[PDB]
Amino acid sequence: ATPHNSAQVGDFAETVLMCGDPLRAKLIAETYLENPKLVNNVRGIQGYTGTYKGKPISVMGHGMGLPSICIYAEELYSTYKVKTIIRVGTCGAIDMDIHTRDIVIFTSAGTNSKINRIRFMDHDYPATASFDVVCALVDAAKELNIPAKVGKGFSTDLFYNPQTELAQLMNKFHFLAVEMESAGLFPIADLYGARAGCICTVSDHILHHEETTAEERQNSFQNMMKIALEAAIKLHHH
């Protein structure tokens, strides 16, 4: 029904977990959902709908980077009447106390893209996560006794950033981590009167080269997924 989505109105739960890597979405469905149906596989994006603790949930990839999340998120919010998108991703740490495997929940997301300036008369849009979503995520992590840090992210357009000075600027202002998606997501939810959040697990540090193995990874990705899901259950009221 869209160029990027073969599903119809109703095929998506009104809460969707989203991540960059479509194989992670497949994994989330195969691992945590009851009765998962493939609802969208246009461009291999792996969108599934099922339940978690009896409540309807959906999981899908959004591809890497703001332009990509901006396509999917808009479609979900407008065509498929989705109410909440929680991005579950990875990130690169900025703060010196945050390490690999750590978990981060974003209040907001800076960016170097021009997308919001196009949306917002060339002024400063504050890409902000839904207050609710943050709470839900913070409480889920507490209840699950998993430590989670709370603060600003940065959505870069350039994984390989030629501005080498930028990391330390972000560390001066106590940014927590870098990903490529959240600043595209937050204003879009605002635009549709809907809600959005972002929770991330740290995959590498950008201010030193760390130790990440070839599998773990998974163990901390698992916690993030668990928090996301419990939080998703709290949102649903109403």
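Counting begins at 1, following the sequence as shown.
Averaged over their C-alpha atoms, the temperature factors of 20 to 28 and 212 to 220 are higher for 212 to 220. For the pair 108 to 116 and 133 to 141, the record assigns the higher mean C-alpha temperature factor to 133 to 141.
Remark: of 38, 178, 66, 188, 38 shows the highest value [criterion: C-alpha B-factor in the PDB entry]. Per the PDB record, residue ranking by Cα B-factor puts residue 196 in the lowest third of the chain.
Sorting the modelled residues of the chain by their CA temperature factor places residue 101 in the highest third. The deposited CA B-factor of residue 203 belongs to the highest third of values across its chain.
Among the modelled residues of its chain, residue 94 has a C-alpha B-factor that falls in the highest third according to the deposited record. Residue 73: CA B factor lies in the middle third for its chain, per the PDB record.
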